[PDB]
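Participant: This is the structure, below, for whatever I ask next.
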Number of protein chains: 2
Amino acid sequence: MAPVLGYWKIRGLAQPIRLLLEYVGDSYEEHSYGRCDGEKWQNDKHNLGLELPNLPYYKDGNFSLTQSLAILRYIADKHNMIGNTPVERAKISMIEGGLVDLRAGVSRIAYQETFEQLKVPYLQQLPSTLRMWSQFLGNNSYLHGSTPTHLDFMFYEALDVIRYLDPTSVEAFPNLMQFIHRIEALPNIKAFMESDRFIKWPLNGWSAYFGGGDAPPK
Amino acid sequence: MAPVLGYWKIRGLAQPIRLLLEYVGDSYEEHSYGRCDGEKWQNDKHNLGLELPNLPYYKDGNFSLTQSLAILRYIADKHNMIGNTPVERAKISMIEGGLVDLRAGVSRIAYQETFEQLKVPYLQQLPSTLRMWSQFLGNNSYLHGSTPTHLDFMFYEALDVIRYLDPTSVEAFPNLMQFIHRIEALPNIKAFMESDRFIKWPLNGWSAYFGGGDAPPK
Ligand SMILES: N[C@@H](CCC(=O)N[C@@H](CS)C(=O)NCC(=O)O)C(=O)O
Ligand SMILES: N[C@@H](CCC(=O)N[C@@H](CS)C(=O)NCC(=O)O)C(=O)O
Ligand SMILES: [Zn+2]
Ligand SMILES: [Zn+2]
């Protein structure tokens, strides 16, 4: 029993978890719920031994978790990526909470039918948010320490999503673009990206008005 | 000199931090931004040494953090509240994420002009959420381990806020009410709640449609 990751067959909250596992080279299986599997999830939700049922979930033996960040952190912790003193642990948790905000800012407008309207002040406020991340990353290859951690895969997925939303916003910060290309060049990430099990779309749940549907628009 | 906790003069995301610090008896001072201090925060935000500027923030000498969860976990980690193995650290991060969701479900509708309409389905789904938390707590005095941790203050505040939104929803689970009373009976929490330092209102920012304004309604 390789561990199992359960989620919708979408990028969403689980994509940084899959990227991480692929990068560290850990075996896993996914239990994927497709667009028509709503009732199948409602059926399983309370039968999986989960203390706080939710998606995504992660199960390994008799151990189980929910909460995307707790699953990411469990895998990161096993690879020594969560820090080694109180000050370092807390800095990593601060960066995580920032990256969850960066990805959620998209999600919180993407499901509204007024998305095209909400996008306007969203795009007016985004340069200041991107500037803050650009300054924080500065000339570093990765967000914390000298090698990839779960924070880089959260950050990569948020930037790739935002870039899809408005490419000129992210292209305005050379270090953010270079960071996207850096993560995509990692040998295990490039292999995962080129493989049949990669999910390139949708970014959000299928019913979203941005980053939803079965296929990219056009 | 004592650490500084900076936030709006509202309960919001900082209240579980103030509860935790009063419980463990750590000295702290608050830098409180009032209802008309918005420009004062805009003027401070980039001039406080913060790597990822936001509210709340925490500063102790040249150490600083933002992200309410990271600040809570910093304090909690100094009091050995974040667990002692990867499995136990992960379980605590899971319960944190579910409590962040529990509090955010109120914030996500409270600031919207359509709050009164959104409240209907929110109150339709709330019982199942509270039932999950009621079964998770079960007959335990606290959410994890045998003594209060940052998880309990997060959970207390989210329940008190929800209780204000719909008192009988929470009162339908006696063990959640017993937990609210148990946290309020802790001598250091009672002394805080009876002091001049305590903020009982507003629950969200003053401009919210629910839990806003300068005093509770009617
Ligand atoms: N705080 C959460 C959110 C989890 C979540 O919102 N899950 C949505 C999918 S993005 C869901 O389908 N949950 C299943 C359910 O509520 O039954 C975490 O990061 O995992
Ligand atoms: N993920 C965050 C959210 C922080 C946030 O939304 N803060 C709001 C107040 S509740 C704010 O006024 N931030 C200051 C700003 O936007 O400049 C955390 O938990 O601290
Ligand atoms: Zn490994
Ligand atoms: Zn202390």
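Chain labels A, B, ... are given in the sequence in which chains occur in the structure tokens; within each chain residues are numbered consecutively from 1, and ligands are likewise numbered from 1 in the order shown.
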For chain B against chain A, which residues fall within 6 Å using only C-alpha atoms, given as a list in words?

Facilitator: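 Filtering chain B at 6 Å from chain A with only C-alpha atoms gives residues 67, 70, 74, 90, 93, 94 and 97 of chain B.
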
Participant: Restricting the output to N, CA, C and O atoms, write the selected residues as a compact mmCIF listing (two decimals), in the first residue's frame.

Facilitator:
```txt
# COMPACT_ATOMS: atom_id res chain seq x y z
N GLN B 67 0.94 36.39 9.41
CA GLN B 67 0.08 35.17 9.29
C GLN B 67 -0.35 34.71 10.68
O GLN B 67 0.49 34.26 11.54
N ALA B 70 0.75 31.37 11.75
CA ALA B 70 2.18 31.24 12.06
C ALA B 70 2.51 31.87 13.43
O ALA B 70 3.35 31.38 14.16
N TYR B 74 3.98 29.82 16.57
CA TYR B 74 5.25 30.29 17.21
C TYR B 74 5.09 30.28 18.73
O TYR B 74 5.93 29.67 19.45
N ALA B 90 1.54 16.51 12.28
CA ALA B 90 0.60 16.56 11.17
C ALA B 90 -0.85 16.61 11.64
O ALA B 90 -1.72 17.36 11.08
N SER B 93 -1.53 20.12 12.70
CA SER B 93 -1.76 20.98 11.52
C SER B 93 -3.14 20.69 10.87
O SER B 93 -3.77 21.57 10.32
N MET B 94 -3.54 19.42 10.83
CA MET B 94 -4.93 19.17 10.32
C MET B 94 -6.02 19.86 11.13
O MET B 94 -6.94 20.52 10.57
N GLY B 97 -6.04 23.50 10.36
CA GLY B 97 -6.64 23.88 9.03
C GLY B 97 -8.19 23.83 9.12
O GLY B 97 -8.94 24.64 8.48
```

Participant: Please identify all protein, DNA and RNA residues within 12 Å of ligand 3, counting only C-alpha atoms and all ligand atoms, and report them as a ChimeraX atom specification.

Facilitator: /A:2-3,20-28,74-81

Participant: Could you write out the selected residues, including C-alpha atoms, as a PDB file, in the first residue's frame?

Facilitator:
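Result file follows (out_25.pdb):
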```pdb
ATOM      1  CA  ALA A   2       1.761   3.050  -1.319  1.00  0.00           C
ATOM      2  CA  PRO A   3       0.009   5.966   0.399  1.00  0.00           C
ATOM      3  CA  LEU A  20       6.100  17.496  -3.951  1.00  0.00           C
ATOM      4  CA  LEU A  21       5.753  13.710  -3.982  1.00  0.00           C
ATOM      5  CA  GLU A  22       6.998  13.553  -7.560  1.00  0.00           C
ATOM      6  CA  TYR A  23       9.934  15.738  -6.685  1.00  0.00           C
ATOM      7  CA  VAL A  24      11.054  13.786  -3.554  1.00  0.00           C
ATOM      8  CA  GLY A  25      10.545  10.503  -5.489  1.00  0.00           C
ATOM      9  CA  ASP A  26       7.960   8.967  -3.105  1.00  0.00           C
ATOM     10  CA  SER A  27       5.467   6.321  -4.263  1.00  0.00           C
ATOM     11  CA  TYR A  28       1.798   7.210  -4.080  1.00  0.00           C
ATOM     12  CA  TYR A  74       3.426  15.761   6.754  1.00  0.00           C
ATOM     13  CA  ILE A  75       5.333  14.845   3.530  1.00  0.00           C
ATOM     14  CA  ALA A  76       7.651  17.895   4.006  1.00  0.00           C
ATOM     15  CA  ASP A  77       8.325  16.998   7.669  1.00  0.00           C
ATOM     16  CA  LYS A  78       9.383  13.391   6.577  1.00  0.00           C
ATOM     17  CA  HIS A  79      11.886  15.135   4.247  1.00  0.00           C
ATOM     18  CA  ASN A  80      13.118  17.597   6.840  1.00  0.00           C
ATOM     19  CA  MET A  81      11.595  20.649   5.077  1.00  0.00           C
TER      20      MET A  81
END
```

Participant: Compile the contact shell of segment 171-177 of chain A as a ChimeraX atom specification: residues with an atom at most 8 Å away, counting only C-alpha atoms, same-chain residues fewer than 2 positions apart removed.

Facilitator: /A:130-131,134,137-139,159,163,167-169,179-181

Participant: On all C-alpha atoms matched in order, how well does chain B superpose onto chain A? Give the RMSD in Å.

Facilitator: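 Least-squares fit of chain B onto chain A, C-alpha RMSD 0.3 Å.
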
Participant: One decimal, in Å: what's the spacing between atom CA of residue 19 of chain B and atom CA of residue 218 of chain B?

Facilitator: 27.4 Å

Participant: I need the strand (DSSP E) residues of segment 37-160 of chain A per DSSP on the backbone, written as JSON, numbers by chain.

Facilitator: {"A": [57, 58, 59, 60, 63, 64, 65, 66]}

Participant: Please measure the separation of atom CA of residue 114 of chain B and atom CA of residue 209 of chain B, giving the value in Å to one decimal.

Facilitator: 8.6 Å

Participant: So what do you get for atom CA of residue 145 of chain A versus atom CA of residue 178 of chain A, distance-wise?

Facilitator: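 Value for the atom CA of residue 145 of chain A-atom CA of residue 178 of chain A distance: 17.4 Å.
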